[PDB]
Protein chains: 2
Amino acid sequence: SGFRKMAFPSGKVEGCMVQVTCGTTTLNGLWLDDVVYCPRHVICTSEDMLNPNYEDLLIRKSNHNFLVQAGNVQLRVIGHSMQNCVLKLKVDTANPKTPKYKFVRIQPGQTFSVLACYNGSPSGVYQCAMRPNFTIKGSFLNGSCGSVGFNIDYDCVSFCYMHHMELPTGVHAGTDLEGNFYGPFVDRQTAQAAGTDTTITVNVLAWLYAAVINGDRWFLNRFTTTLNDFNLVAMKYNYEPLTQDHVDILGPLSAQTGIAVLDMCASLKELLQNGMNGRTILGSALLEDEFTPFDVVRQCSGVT
Amino acid sequence: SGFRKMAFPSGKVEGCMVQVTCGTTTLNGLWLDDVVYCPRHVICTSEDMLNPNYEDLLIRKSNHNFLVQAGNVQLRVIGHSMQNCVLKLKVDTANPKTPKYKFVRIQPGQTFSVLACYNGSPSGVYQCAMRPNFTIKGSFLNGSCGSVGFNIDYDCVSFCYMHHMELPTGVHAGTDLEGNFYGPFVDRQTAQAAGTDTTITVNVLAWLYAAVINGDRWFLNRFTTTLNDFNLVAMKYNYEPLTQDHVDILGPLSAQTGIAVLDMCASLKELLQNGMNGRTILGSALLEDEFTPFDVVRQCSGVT
Ligand SMILES: *CC(=O)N1CCC(C(=O)N(C)C(C)C)CC1
Ligand SMILES: *CC(=O)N1CCC(C(=O)N(C)C(C)C)CC1
C-alpha cells in the first residue's frame with residue numbers, strides 16, 4: 001500500500017545529459033547516438049530574445065562555437081542544423097550510454113518525469129503532466145533549459161519534452177524532441193499568457209481509484225451520474241469534459257475495485273460541489289490530476 | 001521559478017540494486033563493493049513472520065540458499081552474517097558501479113529519495129521524510145522490501161533507509177543500513193501502531209519561504225510572534241515544537257527573502273488557526289512538511 005507522486009528512475013537519461021555552451025549562454029543538451037539536442041535559443045543574447053531571427057543569428061555560428069562537455073570530457077561538434085526550435089549538434093563520438101529510445105509527442109493530460117539539470121549535471125527528478133493549456137508546472141531556474149521529460153517502457157526511453165521557456169506567471173513551456181512547442185508558445189521574450197488550466201478529469205478519477213485501492217474510501221457515496229450530467233458539473237469547475245474513451249480507459253481500474261466509472265464520477269461530482277470539508281485523499285487536500293490511469297495501474301501493480 | 005517535490009537522480013542507486021531470493025521469498029538487495037544488504041526477514045515463511053527467532057531460522061540457511069541476481073547475471077555468495085535486522089551477503093565480485101557512499105542514520109524531519117524496486121529492478125523514485133513517529137509514507141507493494149532511501153551529496157550517496165514493514169494503517173517502517181529500525185518497530189507480524197504523525201514545523205516554514213521565493217505570497221500578514229506564543233499554537237495542531245536551532249537553520253532563507261523567521265511563524269500560526277480558505281500554496285491545499293530548509297536552498301539555488 002501507499003500511493004506517491006513517482007518519477008521513473010533517472011539513470012538512463014542522466015547518461016544522456018551534456019553541457020552546451022554558446023558564447024556566454026550555458027544550458028543542457030541531450031546526447032543520443034552522435035547527436036546533441038538543445039534549445040536553439042542557446043545562440044541568443046538576452047537582447048536577441050526580444051525578437052530573434054534564428055536563421056540569421058545561426059549564420060554567425062560555426063560547429064566550433066558550440067562547446068559540448070559530457071562530465072569533464074569535451075565532444076567534437078562536426079555538424080549543426082536547426083530542426084524547428086531545437087539545435088541538433090552532430091558530435092564525432094556516439095554516446096556509449098545511449099539507451100533504446102523514441103521521440104514521442106504527448107497529448108495534454110499525459111504525464112512524464114523531468115530530470116532537472118544545470119550545466120549538463122542532473123540535480124533532481126519529479127513527475128509532470130502536459131497541462132490542457134500546454135504548459136507544465138515544473139521547477140526550472142536559469143541553466144535548466146534542455147532538461148528533458150520522458151517515459152520509460154521497461155528499457156525504451158520515450159523522450160516527450162525539452163524545457164525552453166518560463167512564462168511570467170512562473171509556468172513552463174517547451175518542445176517535443178523534434179523542436180515543435182507544445183501549444184501556441186514560442187522561444188521569444190514576448191507577451192505569452194497560458195490559457196485556462198483545466199483539471200484532467202480522467203486523471204482525477206484514476207487517482208480516486210488509486211485511493212479506494214489504498215484504503216481512502218470516505219468519499220464513496222450512494223449516487224451515480226451520466227456523462228452528460230457529470231459534464232455539466234465538469235464545465236462549471238473547469239474540468240476536461242469526460243468522454244466514453246476516458247470511461248473505457250478507466251475500465252481496468254473499474255474491474256479491479258468493482259466501482260462503476262460513473263459511480264466514481266458521482267463521487268467526484270459531490271467532491272467538486274461540496275469540497276473535502278478539511279479531509280484528505282492520499283495525503284492530498286485537493287483533487288490530484290497528475291496520475292494517468294496507466295500511472296495508477298503501474299504503481300498499484302508494481303511494473304518495472 | 002516553480003517548486004516541485006523533487007527526488008535525487010536515481011542512476012547511482014539503480015546500479016546498486018540486485019534481486020535476493022531465499023526459498024520462495026524474492027525481494028531487493030543493495031550491492032555495494034562485495035556485500036549485498038537485504039532485510040533479514042527474506043529467510044521467513046509468512047508463518048515464521050508471526051514470531052520468528054532469526055538466529056535459529058538463520059542456522060537452516062547456507063550461502064548457496066541466498067540467490068543474488070544483478071540484472072541477468074548471478075552473484076556467488078561466499079559469506080552471510082546478520083547485522084541487527086539486515087543480512088550482509090558477501091559476494092565474490094565487487095559491484096563495478098559502486099558509487100562513493102556512506103551509511104547515515106537520519107533524524108525525523110530529514111528527507112530522502114526512495115528508489116522503489118521489484119525483483120532488484122527499479123520501478124520509480126519519490127521523495128520522503130522520516131516522520132516524527134519514525135514511520136515513512138511510501139509506496140511499497142510485495143517485492144519492494146530492500147528498496148533503499150538515500151541523499152546524494154554531489155557524488156557521495158548517503159544511504160539512510162532500507163524498507164522492511166508495512167503497518168496495517170498502510171504506513172511504512174524500515175532500518176538504517178546497519179539494520180537498526182527507525183523508532184520502536186520490529187520485523188515481526190504483530191500489533192505495531194504508529195504514534196501521532198506530528199507536522200515538521202521547520203519544514204513547513206522552509207516551504208513557506210520557498211513559496212514567497214516563487215511568488216505565492218497571499219499568506220504573508222502584518223503579525224509577528226514569539227517561539228513560546230507560536231509553540232502554544234504548534235502544540236494544539238500537533239506540530240513539532242520550534243527551537244532556536246530551527247530558527248538558526250532557517251536564517252539563510254530569512255536573509256534571502258528579508259522575512260524574519262518569527263514573522264513567517266506568525267504567517268503559519270494564522271494559516272493553522274484560519275486554514276487556507278480554499279486557496280493553494282505552491283499548488284498544494286495543505287501545509288507541506290516534506291521539504292527541509294536544505295531541500296529549499298538546494299532547489300531554489302540549483303545545486304547538482
Ligand atoms: C532556461 C535556460 O537555462 N536558459 C534560458 C535563459 C538564458 C538567459 O539567462 N538569457 C536570457 C540569455 C539568453 C543568456 C540562459 C539559458
Ligand atoms: C516487502 C517485501 O517485499 N516482502 C515482505 C513480505 C514477504 C511476503 O510476502 N511474506 C509475508 C512471506 C514472508 C513470503 C515478501 C517480501
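Each chain gets a letter, A, B and so on, in the order its sequence line appears, and its residues count up from 1. Ligands are counted one by one from 1 in listed order, and the atoms in each one are counted from 1 as well.
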Enquirer: How far apart are the C-alpha atoms of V148(A) and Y161(A), what are their side-chain angles, what is the distance that settles it, and do they pass the side chain to side chain contact (heavy atoms under 4.5 Å, CB included) test?
Expert: CA-CA 5 Å; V148(A) 299; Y161(A) 181 87; over 6 Å; no

Enquirer: Side chains of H164(B) and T175(B): any donor to acceptor distance under 3.5 Å?
Expert: yes

Enquirer: Among side-chain atoms of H41(A) and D187(A), is any donor-acceptor pair under 3.5 angstrom?
Expert: no

Enquirer: Checking side-chain polar atoms at under 3.5 Å, does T135(A) have a donor or acceptor matched by the opposite partner on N133(A)?
Expert: yes

Enquirer: Would you mind writing out a table of all protein N or O atoms found under 3.5 Å from any N or O atom of ligand 1, naming both atoms and giving the distance to 0.1 Å?
Expert:
residue  : atom  : partner : partner atom : Å
ligand 1 : 3 (O) : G143(A) : N            : 2.7
ligand 1 : 3 (O) : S144(A) : N            : 3.2
ligand 1 : 3 (O) : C145(A) : N            : 3.1

Enquirer: Check whether the side chains of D295(B) and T111(B) place a donor and an acceptor atom closer than 3.5 Å, and report yes or no.
Expert: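 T111(B) and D295(B) do have a side-chain donor-acceptor pair below 3.5 Å.
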
Enquirer: Would you please name every residue forming a side-chain contact (heavy atoms from CB on, under 4.5 Å) with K12(A), sequence neighbours left out?
Expert: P99(A), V157(A)

